[PDB]
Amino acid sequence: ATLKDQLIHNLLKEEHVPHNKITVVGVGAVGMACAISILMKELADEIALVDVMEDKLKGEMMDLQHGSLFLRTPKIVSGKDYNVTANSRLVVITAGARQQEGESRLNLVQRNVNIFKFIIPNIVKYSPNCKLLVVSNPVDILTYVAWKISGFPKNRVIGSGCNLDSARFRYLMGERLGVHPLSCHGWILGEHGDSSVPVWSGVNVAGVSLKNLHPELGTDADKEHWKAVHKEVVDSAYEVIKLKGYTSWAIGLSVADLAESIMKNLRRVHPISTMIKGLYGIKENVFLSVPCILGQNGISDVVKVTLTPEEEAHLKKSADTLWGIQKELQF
């Protein structure tokens, strides 16, 4: 005579198992900005939230659940134990120490590598066949780290990389040209950093190379100072940090973007961190942003951008800087 029993006549029972489960490791500024964006885009049927902060974790879980009416993701779960993560199609890693005002993203390495040595083995134990998407900084070094510990194939380990950088770039060009960013094409390659390479030779609006119309555009001295657009891209992260303390909405939106190409298998081209040994005459084990076709299996192919010798100059530059650091690890 329970209310439920007078009202509902049961046929079937509690299968469980989700088809499109997404996990978000770390429920901080970035982790919740990723979660909100991924929920609004309706990509998962089950989202799993993991943090070591128990109170915060349960608190953000509840705030998202409270919003159930308005969502189309009926199972929202969280925990400290990784069992909650089981059979995730995608695992977004956002956990770690973030930059303090004026901090070099390369200073976070000690602290974040200790976090990864801990969580990678726990996430791979429960989801042996997931696509890892690393957001934590320094993202290029940390993607290598996940790869190295997890033992996964180079296709299932992605670093958010220069998706955000190129998104800032398009936005900045778009404001100069008076065209929506969607319509200005421009790649920010290499390190998700201070040593990122603007590929000037590829910047265009509706198939027209801005470099043929303006050969002065790019890595020099004279102009309408297009070169300062690349500079505001390198600086934008710092200025936002100085103004609000951290960055979050642009990264959350750029994660939902990659998350959509993985979940729907669209095979779209995105500048993301991948293993580049055997490609720009880079002979080491580095991870850096290159245009990659992203799908349900992760990175299935890399696009061999036609780089000028100056641009290929800065890519072995960005790439060496980066490996300098990496051998000091080795664990």
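Start at 1 with the first residue shown and count on from there.
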query	finding
Residue range whose averaged C-alpha B-factor is higher in the record, 239 to 247 or 98 to 106	98 to 106
Which of 210 to 218 and 116 to 124 has higher mean CA B factor, as the PDB entry lists it	210 to 218
Given 227, 180, 176, 148, the residue at which the Cα B factor reaches its maximum	227
Residue, from 285, 37, 265, 65, that the PDB entry assigns the highest Cα B-factor	285
Residue 278 - Cα temperature factor, lowest/middle/highest third of chain	highest
Among modelled residues of the same chain, the CA temperature factor third for residue 186	middle
Third assignment of residue 154 from its chain's C-alpha B-factors	middle
Residue 81 by Cα B-factor - lowest, middle or highest third of the modelled chain	middle
Third of the chain's Cα B-factor distribution that residue 294 belongs to, per the entry	middle
